[PDB]
Amino acid sequence: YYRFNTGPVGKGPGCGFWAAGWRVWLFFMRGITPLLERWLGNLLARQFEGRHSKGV
Amino acid sequence: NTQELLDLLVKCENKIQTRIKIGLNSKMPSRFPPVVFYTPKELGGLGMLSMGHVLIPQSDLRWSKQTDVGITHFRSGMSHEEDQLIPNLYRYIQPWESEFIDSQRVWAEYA
Amino acid sequence: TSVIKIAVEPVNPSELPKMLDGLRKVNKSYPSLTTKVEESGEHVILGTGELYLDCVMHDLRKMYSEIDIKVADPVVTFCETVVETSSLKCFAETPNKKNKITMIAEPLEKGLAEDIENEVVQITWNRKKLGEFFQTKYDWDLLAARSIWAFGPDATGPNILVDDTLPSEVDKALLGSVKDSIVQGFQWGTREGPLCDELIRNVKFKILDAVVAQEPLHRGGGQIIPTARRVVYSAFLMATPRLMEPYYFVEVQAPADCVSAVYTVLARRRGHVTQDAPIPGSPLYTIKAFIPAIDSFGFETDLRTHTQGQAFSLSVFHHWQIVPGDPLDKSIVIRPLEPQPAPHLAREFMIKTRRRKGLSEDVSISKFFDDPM
Amino acid sequence: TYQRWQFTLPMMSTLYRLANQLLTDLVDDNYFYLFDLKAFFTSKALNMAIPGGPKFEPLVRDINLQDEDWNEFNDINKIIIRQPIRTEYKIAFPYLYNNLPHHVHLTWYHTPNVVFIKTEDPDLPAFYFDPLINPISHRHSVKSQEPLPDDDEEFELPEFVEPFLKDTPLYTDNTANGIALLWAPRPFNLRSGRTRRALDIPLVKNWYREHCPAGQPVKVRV
Amino acid sequence: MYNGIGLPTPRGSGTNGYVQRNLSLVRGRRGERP
Amino acid sequence: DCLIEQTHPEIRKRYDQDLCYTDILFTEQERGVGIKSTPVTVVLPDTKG
RNA sequence: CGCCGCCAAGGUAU
RNA sequence: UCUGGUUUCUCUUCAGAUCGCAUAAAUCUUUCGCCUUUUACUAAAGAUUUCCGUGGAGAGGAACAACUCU
Ligand SMILES: O=P(O)(O)O[C@H]1[C@H](OP(=O)(O)O)[C@H](OP(=O)(O)O)[C@H](OP(=O)(O)O)[C@@H](OP(=O)(O)O)[C@H]1OP(=O)(O)O
Ligand SMILES: [Mg+2]
């Protein structure tokens, strides 16, 4: 945002260079997909075949 | 003179600041300002005495253990730098040697 | 000349021969290194450059002796000279109470000092040939040119001797001239420093008169070497001597866009810039300058730092120059920190080396140099 | 499946011209002095920082310990100080200015300093940003072999008396962009390579790893 | 760290850092800009 | 390195970083200045050969 | 040379 | 005159190369900093995986396979 404003350009919005935040929130889901995949698999196990009270 | 106690007061003052912040579950500088703290009970508030805004000193760490060097490289205290200038308590407390030199002449003139 | 000189110490004093063996292995692997040990116990290492000593300490720490090692702040080996001639004549004594050798000392010219430093004249020549060379070069007296003997440090350094200033015949019976005892005494007494345990250069010592014992086999013939030692540098230190610091000749290549930064970092560090040369080909061009070796600590690093990567510098040993100040200054107060831009920095520069392995201070001519009876 | 690509030099020169306003004019690794990865590793391990660089947490080697008599005999107000030893001297090389190193990396020194005179005009040997101190049109100070143009035509075969080429000059319209693309950055000095991904390719990569420009606030430099 | 000092743990204490320079010093030459 | 690649018909010639493997030590591959040489014995033919 | 940005179980019983 | 093959789709194990000119999270064992107990935590090291992709290799087809490298 401080490299749009160099020169006679303007202080207002228009900052539309979006790839950098896009890459890191792809890097988030890239590592979190197996994590909450396993978490939702455990959720489906706890919901559909019931819990184990005194098993493990 | 004691720099390690001036660091400890800055460490514990912001710690009780944070302890009051987590009682509101806010922990925010902008939502929960220090204007809430530094106001007297007669107008309302909590009422506390600043020693973090004293601009704690430093020295050359290579020669700090070696030799008294003097005074160089002031360090900021709290994270509040919008030029409000919250005063320190000690500038309104009469010192030791001023009290003794006043006390000697007060008892002399009293006798 | 390997001139930078750092003190080295192990963190644990127990495992000392392991770092001794590692330091000896470094000295085998690195030939221009010169290590020394002195009376104060700590080991000291003098080498050529900063990246050289960098790789030296790297291979010392992590290949040859894997123990933690403390170093000291860097300093250079500095030298001593005199700038004017003697204003007073010395006095001698020996435990036989026999001899009386009075002498003086006066400086030289720096070009022929560099010539004798660069092996131009050699002791294997004929007497009259090098006498005629010194005669036609330094317009000297004819009777005193050929009467010289063996030279100074390793017979190479400009610490020459002339015997025939005051007339040639006195005794000449058995010894009569500096042949074996006084010559070897100066060989064994020019490396161990007179004033602050640092060597001498650009000063010649001339005997005014002397006398030999009646029987050197019976009386003092081997008991006059510390006498000769004491009289030589007593006559040297009474002539108001000075210290000499080394300079590095520096060559810098730099573009024209960032050019003033090297001038600001030399003028802050007392640089005498000599040649600004625009070279053909590359737009980067050359700066040839002189800087003090004590201000050369991180020279190329800070130089590339201010010029944001564009410039580059190289340093090399230049010959000796005169420091701003005198060692014998008394009634002066020196701050421990806050280095001086003042012209009396040599007194600080010698008390901070006599606070080292050194000697004891108060070096006025009262106890060891003269006898005020 | 869009795996491997091979381009040509004018097509890539147009790409290099359209890829300005986010690409640096830096050619060599000399601007990155104390900005290298290994110098930053040294700054991470040595509990110090570059002004404009990162500030890490220290490691296992937090507290050093030397008793009073030993570091007394090592260090009093005794060393000949002229200028204070800065932290850039230690990040440059931490071996004689600093003691007890570990987890340390060792950086680069003096890449050969390319200058790269740019071109905005044709006739590629422009001879600009270049002085010349040689006295032209008259010089002789060394002896030379054959000072005698006497030999007649005997051995130069006229079928190949000529030089190697005269069918083309040493310059044309698309050779200045080629030698400008020779000293181009990493995605432009290839002519051929592999295909990356849309999250693989960094765009804000040569911006932040620089010096801090003056006239900027504190939040942009943190 | 400009020359020697700073703070290794800004997250431990209740400060942010930014050691200033002592403007009340007295010596001969200190400037580099003029 | 050029003359030893003339000598050796087994090469890993430089594509990404330089192949200065005559500077052998770890304190000279990272600085890139060279601290310790290592001489090489080779053969070279002339125009007779 | 410029830290820090907070959800929930803990209580209105089963 | 004979020799005669680039892409795309499916299994097949090996990977030691910035496997990827860049770089996510989790677990354990430790040091910390907020902390009341814990999950959410802070950020450094040590060592493991998971995960988004990639490298070369054995076959079966199809896509102009007959243009033609040889
Ligand atoms: O308030 P500042 O510290 O000066 O920074 C602000 C702020 O960005 P940050 O708070 O993230 O640093 C604004 O974003 P908001 O958080 O206020 O929503 C942003 O505007 P954008 O949302 O479009 O990015 C733009 O402020 P502005 O509205 O003026 O463009 C920006 O920098 P500046 O205030 O200096 O312009
Ligand atoms: Mg409970």
# chains A, B, ... in the order shown; residues from 1 in each chain; ligands from 1
>>> select_by_dssp(residues="chain F", states="alpha helix (DSSP H)", output="JSON, numbers by chain")
{"F": [2, 3, 4, 5, 6, 7, 26, 27, 28, 29]}
>>> write_last_selection(atoms="N, CA, C and O atoms", output="compact mmCIF listing (two decimals), in the first residue's frame")
# COMPACT_ATOMS: atom_id res chain seq x y z
N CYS F 2 38.61 -24.88 -15.62
CA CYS F 2 38.42 -25.02 -17.06
C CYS F 2 39.42 -25.99 -17.66
O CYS F 2 39.06 -26.85 -18.47
N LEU F 3 40.69 -25.90 -17.24
CA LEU F 3 41.67 -26.84 -17.77
C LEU F 3 41.49 -28.24 -17.19
O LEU F 3 41.83 -29.23 -17.86
N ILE F 4 40.93 -28.36 -15.99
CA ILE F 4 40.73 -29.71 -15.46
C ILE F 4 39.43 -30.31 -16.01
O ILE F 4 39.28 -31.54 -16.02
N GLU F 5 38.49 -29.49 -16.49
CA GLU F 5 37.35 -30.01 -17.24
C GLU F 5 37.75 -30.36 -18.66
O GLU F 5 37.12 -31.21 -19.30
N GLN F 6 38.78 -29.69 -19.19
CA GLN F 6 39.45 -30.19 -20.39
C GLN F 6 40.09 -31.54 -20.11
O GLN F 6 40.06 -32.44 -20.96
N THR F 7 40.67 -31.70 -18.92
CA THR F 7 41.31 -32.96 -18.56
C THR F 7 40.27 -34.05 -18.29
O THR F 7 40.32 -35.13 -18.88
N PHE F 26 35.66 -25.21 4.05
CA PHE F 26 34.31 -24.70 4.27
C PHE F 26 34.32 -23.21 4.59
O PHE F 26 33.27 -22.56 4.49
N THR F 27 35.47 -22.67 4.98
CA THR F 27 35.61 -21.24 5.21
C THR F 27 36.06 -20.48 3.96
O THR F 27 36.30 -19.27 4.04
N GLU F 28 36.18 -21.17 2.82
CA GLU F 28 36.48 -20.52 1.55
C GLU F 28 35.46 -20.80 0.46
O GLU F 28 35.48 -20.09 -0.56
N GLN F 29 34.59 -21.79 0.63
CA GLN F 29 33.46 -21.95 -0.29
C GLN F 29 32.33 -20.99 0.02
O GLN F 29 31.56 -20.64 -0.88
>>> residues_around(residues="residue D:94", least_positions_apart="6", cutoff="10 Å", atoms="only C-alpha atoms (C1' of nucleotides)", output="MDAnalysis selection string")
(chainID C and resid 54 57:58) or (chainID D and resid 42:43 46 87:88 100:101 104:106)
>>> residues_around(residues="stretch 286-289 of chain C", least_positions_apart="3", cutoff="7 Å", atoms="only C-alpha atoms (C1' of nucleotides)", output="PyMOL selection string")
chain C and resi 249-254+271-279
>>> interface_residues(of="chain C", to="chain E", cutoff="10 Å", atoms="only C-alpha atoms", output="list in words")
residues 264, 268, 338 and 341 of chain C
>>> write_last_selection(atoms="N, CA, C and O atoms", output="PDB file, in the first residue's frame")
ATOM      1  N   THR C 264      34.026  10.682   3.769  1.00  0.00           N
ATOM      2  CA  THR C 264      33.555  10.936   5.127  1.00  0.00           C
ATOM      3  C   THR C 264      34.042   9.871   6.105  1.00  0.00           C
ATOM      4  O   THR C 264      34.281  10.173   7.279  1.00  0.00           O
ATOM      5  N   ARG C 268      36.761  11.085   9.031  1.00  0.00           N
ATOM      6  CA  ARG C 268      36.443  10.793  10.423  1.00  0.00           C
ATOM      7  C   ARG C 268      37.535   9.953  11.071  1.00  0.00           C
ATOM      8  O   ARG C 268      37.817  10.108  12.266  1.00  0.00           O
ATOM      9  N   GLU C 338      36.261   7.190  26.181  1.00  0.00           N
ATOM     10  CA  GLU C 338      36.172   8.400  25.358  1.00  0.00           C
ATOM     11  C   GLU C 338      37.494   8.657  24.636  1.00  0.00           C
ATOM     12  O   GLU C 338      38.313   9.448  25.124  1.00  0.00           O
ATOM     13  N   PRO C 341      40.326  12.706  20.174  1.00  0.00           N
ATOM     14  CA  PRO C 341      40.710  13.302  18.887  1.00  0.00           C
ATOM     15  C   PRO C 341      41.835  14.310  19.074  1.00  0.00           C
ATOM     16  O   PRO C 341      42.310  14.925  18.114  1.00  0.00           O
TER      17      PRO C 341
END
>>> residues_near_ligand(ligand="ligand 1", cutoff="9 Å", atoms="only C-alpha atoms (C1' of nucleotides) and all ligand atoms", output="ChimeraX atom specification")
/A:1-2,5,11-15 /D:217,219-220
>>> residues_near_ligand(ligand="ligand 2", cutoff="10 Å", atoms="only C-alpha atoms (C1' of nucleotides) and all ligand atoms", output="list in words")
residues 9 and 10 of chain G; 37 and 38 of chain H
>>> write_last_selection(atoms="C-alpha atoms (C1' of nucleotides)", output="PDB file, in the first residue's frame")
ATOM      1  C1'   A G   9     -16.054 -25.199  29.804  1.00  0.00           C
ATOM      2  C1'   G G  10     -15.998 -22.741  35.261  1.00  0.00           C
TER       3        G G  10
ATOM      4  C1'   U H  37      -7.197 -25.110  35.938  1.00  0.00           C
ATOM      5  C1'   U H  38      -7.275 -26.624  30.831  1.00  0.00           C
TER       6        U H  38
END
>>> residues_around(residues="stretch 22-36 of chain C", least_positions_apart="5", cutoff="8 Å", atoms="only C-alpha atoms (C1' of nucleotides)", output="compact mmCIF listing (two decimals) with N, CA, C and O atoms, in the first residue's frame")
# COMPACT_ATOMS: atom_id res chain seq x y z
N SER C 2 53.45 -8.36 9.38
CA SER C 2 52.31 -8.75 10.21
C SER C 2 52.22 -7.82 11.41
O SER C 2 53.08 -7.84 12.29
N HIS C 43 48.89 -15.51 26.16
CA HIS C 43 49.46 -15.70 24.84
C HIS C 43 48.94 -14.63 23.88
O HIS C 43 47.81 -14.16 24.00
N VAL C 44 49.79 -14.25 22.93
CA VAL C 44 49.44 -13.19 21.99
C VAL C 44 49.80 -13.66 20.58
O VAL C 44 50.74 -14.44 20.38
N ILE C 45 49.00 -13.23 19.61
CA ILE C 45 49.12 -13.67 18.22
C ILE C 45 49.10 -12.44 17.33
O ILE C 45 48.15 -11.64 17.39
N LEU C 46 50.12 -12.28 16.49
CA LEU C 46 50.15 -11.19 15.52
C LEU C 46 50.13 -11.79 14.12
O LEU C 46 50.88 -12.71 13.81
N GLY C 47 49.23 -11.25 13.29
CA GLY C 47 49.03 -11.72 11.93
C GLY C 47 48.94 -10.59 10.93
O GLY C 47 49.23 -9.44 11.27
N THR C 48 48.52 -10.89 9.70
CA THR C 48 48.59 -9.90 8.63
C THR C 48 47.32 -9.06 8.54
O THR C 48 47.36 -7.84 8.69
N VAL C 56 42.07 -17.90 10.53
CA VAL C 56 42.95 -18.46 11.56
C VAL C 56 42.16 -18.84 12.81
O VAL C 56 42.27 -19.96 13.31
N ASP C 59 39.72 -21.86 12.07
CA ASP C 59 40.37 -23.17 12.10
C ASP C 59 40.96 -23.48 13.47
O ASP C 59 41.19 -24.66 13.79
N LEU C 60 41.22 -22.46 14.29
CA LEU C 60 41.69 -22.70 15.65
C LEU C 60 40.55 -23.16 16.55
O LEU C 60 40.72 -24.08 17.37
N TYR C 64 41.08 -27.47 15.31
CA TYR C 64 42.31 -27.92 15.96
C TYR C 64 42.23 -27.94 17.47
O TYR C 64 42.97 -28.72 18.10
N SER C 65 41.38 -27.12 18.08
CA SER C 65 41.18 -27.15 19.53
C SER C 65 39.74 -26.76 19.79
O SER C 65 39.42 -25.57 19.83
>>> closest_residue(among="C:301, C:366, C:227, C:181", to="residue D:110", atoms="only C-alpha atoms")
C:301
>>> interface_residues(of="chain E", to="chain G", cutoff="8 Å", atoms="only C-alpha atoms (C1' of nucleotides)", output="MDAnalysis selection string")
chainID E and resid 1:2 6 10:11 13:19
>>> residues_around(residues="residue H:59", least_positions_apart="5", cutoff="12 Å", atoms="only C-alpha atoms (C1' of nucleotides)", output="JSON, numbers by chain")
{"H": [10, 11, 12]}
>>> write_last_selection(atoms="C-alpha atoms (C1' of nucleotides)", output="PDB file, in the first residue's frame")
ATOM      1  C1'   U H  10      -4.132 -45.239 -16.317  1.00  0.00           C
ATOM      2  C1'   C H  11       0.073 -48.853 -12.480  1.00  0.00           C
ATOM      3  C1'   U H  12       5.262 -49.047 -11.129  1.00  0.00           C
TER       4        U H  12
END
>>> closest_residue(among="D:201, D:157, D:117, D:214", to="chain A", atoms="only C-alpha atoms")
D:201
>>> residues_around(residues="residue F:24", least_positions_apart="3", cutoff="12 Å", atoms="only C-alpha atoms (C1' of nucleotides)", output="ChimeraX atom specification")
/F:19-21,27-39
>>> write_last_selection(atoms="N, CA, C and O atoms", output="PDB file, in the first residue's frame")
ATOM      1  N   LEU F  19      31.372 -23.772 -10.006  1.00  0.00           N
ATOM      2  CA  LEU F  19      31.977 -25.069  -9.712  1.00  0.00           C
ATOM      3  C   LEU F  19      33.419 -24.896  -9.240  1.00  0.00           C
ATOM      4  O   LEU F  19      34.335 -25.603  -9.665  1.00  0.00           O
ATOM      5  N   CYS F  20      33.660 -23.898  -8.391  1.00  0.00           N
ATOM      6  CA  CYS F  20      34.989 -23.668  -7.825  1.00  0.00           C
ATOM      7  C   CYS F  20      35.224 -24.666  -6.694  1.00  0.00           C
ATOM      8  O   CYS F  20      35.131 -24.347  -5.507  1.00  0.00           O
ATOM      9  N   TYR F  21      35.543 -25.905  -7.073  1.00  0.00           N
ATOM     10  CA  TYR F  21      35.797 -26.968  -6.108  1.00  0.00           C
ATOM     11  C   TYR F  21      37.287 -27.145  -5.834  1.00  0.00           C
ATOM     12  O   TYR F  21      37.695 -28.114  -5.191  1.00  0.00           O
ATOM     13  N   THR F  27      35.465 -22.667   4.981  1.00  0.00           N
ATOM     14  CA  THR F  27      35.607 -21.236   5.210  1.00  0.00           C
ATOM     15  C   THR F  27      36.060 -20.483   3.964  1.00  0.00           C
ATOM     16  O   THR F  27      36.302 -19.275   4.043  1.00  0.00           O
ATOM     17  N   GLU F  28      36.181 -21.166   2.825  1.00  0.00           N
ATOM     18  CA  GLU F  28      36.484 -20.518   1.554  1.00  0.00           C
ATOM     19  C   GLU F  28      35.464 -20.798   0.460  1.00  0.00           C
ATOM     20  O   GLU F  28      35.477 -20.095  -0.557  1.00  0.00           O
ATOM     21  N   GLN F  29      34.586 -21.791   0.626  1.00  0.00           N
ATOM     22  CA  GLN F  29      33.463 -21.953  -0.291  1.00  0.00           C
ATOM     23  C   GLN F  29      32.330 -20.986   0.021  1.00  0.00           C
ATOM     24  O   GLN F  29      31.556 -20.644  -0.879  1.00  0.00           O
ATOM     25  N   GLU F  30      32.215 -20.543   1.272  1.00  0.00           N
ATOM     26  CA  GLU F  30      31.149 -19.632   1.664  1.00  0.00           C
ATOM     27  C   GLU F  30      31.563 -18.170   1.577  1.00  0.00           C
ATOM     28  O   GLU F  30      30.745 -17.329   1.185  1.00  0.00           O
ATOM     29  N   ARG F  31      32.806 -17.840   1.942  1.00  0.00           N
ATOM     30  CA  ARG F  31      33.333 -16.510   1.652  1.00  0.00           C
ATOM     31  C   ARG F  31      33.503 -16.327   0.150  1.00  0.00           C
ATOM     32  O   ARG F  31      33.127 -15.294  -0.413  1.00  0.00           O
ATOM     33  N   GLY F  32      34.065 -17.331  -0.509  1.00  0.00           N
ATOM     34  CA  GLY F  32      34.391 -17.245  -1.908  1.00  0.00           C
ATOM     35  C   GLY F  32      35.650 -16.472  -2.213  1.00  0.00           C
ATOM     36  O   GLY F  32      35.678 -15.752  -3.214  1.00  0.00           O
ATOM     37  N   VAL F  33      36.678 -16.570  -1.366  1.00  0.00           N
ATOM     38  CA  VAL F  33      37.919 -15.827  -1.566  1.00  0.00           C
ATOM     39  C   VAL F  33      39.113 -16.773  -1.655  1.00  0.00           C
ATOM     40  O   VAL F  33      40.131 -16.442  -2.274  1.00  0.00           O
ATOM     41  N   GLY F  34      39.005 -17.952  -1.045  1.00  0.00           N
ATOM     42  CA  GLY F  34      40.114 -18.885  -1.031  1.00  0.00           C
ATOM     43  C   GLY F  34      41.066 -18.645   0.125  1.00  0.00           C
ATOM     44  O   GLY F  34      41.597 -17.542   0.263  1.00  0.00           O
ATOM     45  N   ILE F  35      41.292 -19.658   0.962  1.00  0.00           N
ATOM     46  CA  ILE F  35      42.209 -19.532   2.092  1.00  0.00           C
ATOM     47  C   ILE F  35      43.398 -20.476   1.921  1.00  0.00           C
ATOM     48  O   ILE F  35      44.525 -20.152   2.317  1.00  0.00           O
ATOM     49  N   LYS F  36      43.182 -21.617   1.273  1.00  0.00           N
ATOM     50  CA  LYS F  36      44.238 -22.610   1.146  1.00  0.00           C
ATOM     51  C   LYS F  36      44.177 -23.228  -0.240  1.00  0.00           C
ATOM     52  O   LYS F  36      43.147 -23.785  -0.630  1.00  0.00           O
ATOM     53  N   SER F  37      45.280 -23.125  -0.975  1.00  0.00           N
ATOM     54  CA  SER F  37      45.362 -23.688  -2.310  1.00  0.00           C
ATOM     55  C   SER F  37      45.496 -25.207  -2.248  1.00  0.00           C
ATOM     56  O   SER F  37      45.696 -25.803  -1.186  1.00  0.00           O
ATOM     57  N   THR F  38      45.375 -25.834  -3.416  1.00  0.00           N
ATOM     58  CA  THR F  38      45.726 -27.240  -3.612  1.00  0.00           C
ATOM     59  C   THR F  38      46.181 -27.406  -5.059  1.00  0.00           C
ATOM     60  O   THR F  38      45.398 -27.243  -6.006  1.00  0.00           O
ATOM     61  N   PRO F  39      47.468 -27.675  -5.271  1.00  0.00           N
ATOM     62  CA  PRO F  39      47.991 -27.739  -6.638  1.00  0.00           C
ATOM     63  C   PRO F  39      47.590 -29.028  -7.334  1.00  0.00           C
ATOM     64  O   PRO F  39      47.449 -30.084  -6.716  1.00  0.00           O
TER      65      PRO F  39
END
>>> decode(residues="stretch 2-53 of chain A", atoms="C-alpha atoms", output="PDB file, in the first residue's frame")
ATOM      1  CA  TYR A   2       3.002   2.288   0.498  1.00  0.00           C
ATOM      2  CA  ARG A   3       4.165   1.607  -3.058  1.00  0.00           C
ATOM      3  CA  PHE A   4       0.956   2.757  -4.687  1.00  0.00           C
ATOM      4  CA  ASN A   5       1.317   6.126  -2.954  1.00  0.00           C
ATOM      5  CA  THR A   6       4.716   7.010  -4.463  1.00  0.00           C
ATOM      6  CA  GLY A   7       4.252  10.019  -6.722  1.00  0.00           C
ATOM      7  CA  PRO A   8       1.080  11.882  -7.714  1.00  0.00           C
ATOM      8  CA  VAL A   9      -1.262   8.910  -7.288  1.00  0.00           C
ATOM      9  CA  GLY A  10      -3.623   9.480  -4.341  1.00  0.00           C
ATOM     10  CA  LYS A  11      -4.180   8.474  -0.729  1.00  0.00           C
ATOM     11  CA  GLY A  12      -7.595   6.859  -1.241  1.00  0.00           C
ATOM     12  CA  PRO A  13      -8.436   3.195  -1.795  1.00  0.00           C
ATOM     13  CA  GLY A  14      -7.744   1.168  -4.911  1.00  0.00           C
ATOM     14  CA  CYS A  15      -5.117  -1.173  -3.450  1.00  0.00           C
ATOM     15  CA  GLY A  16      -5.903  -4.174  -5.610  1.00  0.00           C
ATOM     16  CA  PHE A  17      -2.721  -6.268  -5.489  1.00  0.00           C
ATOM     17  CA  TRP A  18      -4.156  -9.350  -3.813  1.00  0.00           C
ATOM     18  CA  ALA A  19      -1.840 -12.275  -4.613  1.00  0.00           C
ATOM     19  CA  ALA A  20       0.315 -11.984  -1.492  1.00  0.00           C
ATOM     20  CA  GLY A  21      -2.429 -12.497   1.097  1.00  0.00           C
ATOM     21  CA  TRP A  22      -3.895 -15.070  -1.262  1.00  0.00           C
ATOM     22  CA  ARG A  23      -0.699 -17.154  -1.158  1.00  0.00           C
ATOM     23  CA  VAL A  24      -0.488 -17.197   2.635  1.00  0.00           C
ATOM     24  CA  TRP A  25      -4.152 -18.061   3.146  1.00  0.00           C
ATOM     25  CA  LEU A  26      -3.585 -20.863   0.665  1.00  0.00           C
ATOM     26  CA  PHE A  27      -0.602 -21.864   2.842  1.00  0.00           C
ATOM     27  CA  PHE A  28      -3.001 -21.923   5.800  1.00  0.00           C
ATOM     28  CA  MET A  29      -5.504 -24.357   4.257  1.00  0.00           C
ATOM     29  CA  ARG A  30      -2.606 -26.344   2.718  1.00  0.00           C
ATOM     30  CA  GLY A  31      -1.566 -27.384   6.229  1.00  0.00           C
ATOM     31  CA  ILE A  32      -4.926 -27.225   8.005  1.00  0.00           C
ATOM     32  CA  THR A  33      -6.890 -29.442   5.508  1.00  0.00           C
ATOM     33  CA  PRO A  34      -5.584 -32.774   6.962  1.00  0.00           C
ATOM     34  CA  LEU A  35      -5.890 -31.383  10.506  1.00  0.00           C
ATOM     35  CA  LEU A  36      -9.551 -30.457  10.514  1.00  0.00           C
ATOM     36  CA  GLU A  37     -10.152 -33.260   8.010  1.00  0.00           C
ATOM     37  CA  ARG A  38      -9.111 -35.604  10.844  1.00  0.00           C
ATOM     38  CA  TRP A  39     -11.104 -33.479  13.308  1.00  0.00           C
ATOM     39  CA  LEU A  40     -14.307 -33.703  11.249  1.00  0.00           C
ATOM     40  CA  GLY A  41     -13.702 -37.421  10.713  1.00  0.00           C
ATOM     41  CA  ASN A  42     -13.547 -37.797  14.489  1.00  0.00           C
ATOM     42  CA  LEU A  43     -16.718 -35.676  14.674  1.00  0.00           C
ATOM     43  CA  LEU A  44     -18.534 -37.976  12.231  1.00  0.00           C
ATOM     44  CA  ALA A  45     -17.303 -40.979  14.225  1.00  0.00           C
ATOM     45  CA  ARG A  46     -18.505 -39.432  17.494  1.00  0.00           C
ATOM     46  CA  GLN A  47     -21.883 -38.575  15.949  1.00  0.00           C
ATOM     47  CA  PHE A  48     -22.753 -41.621  13.820  1.00  0.00           C
ATOM     48  CA  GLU A  49     -21.333 -44.668  15.650  1.00  0.00           C
ATOM     49  CA  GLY A  50     -21.434 -43.063  19.099  1.00  0.00           C
ATOM     50  CA  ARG A  51     -18.718 -42.339  21.649  1.00  0.00           C
ATOM     51  CA  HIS A  52     -16.417 -44.629  23.626  1.00  0.00           C
ATOM     52  CA  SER A  53     -16.816 -43.852  27.332  1.00  0.00           C
TER      53      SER A  53
END
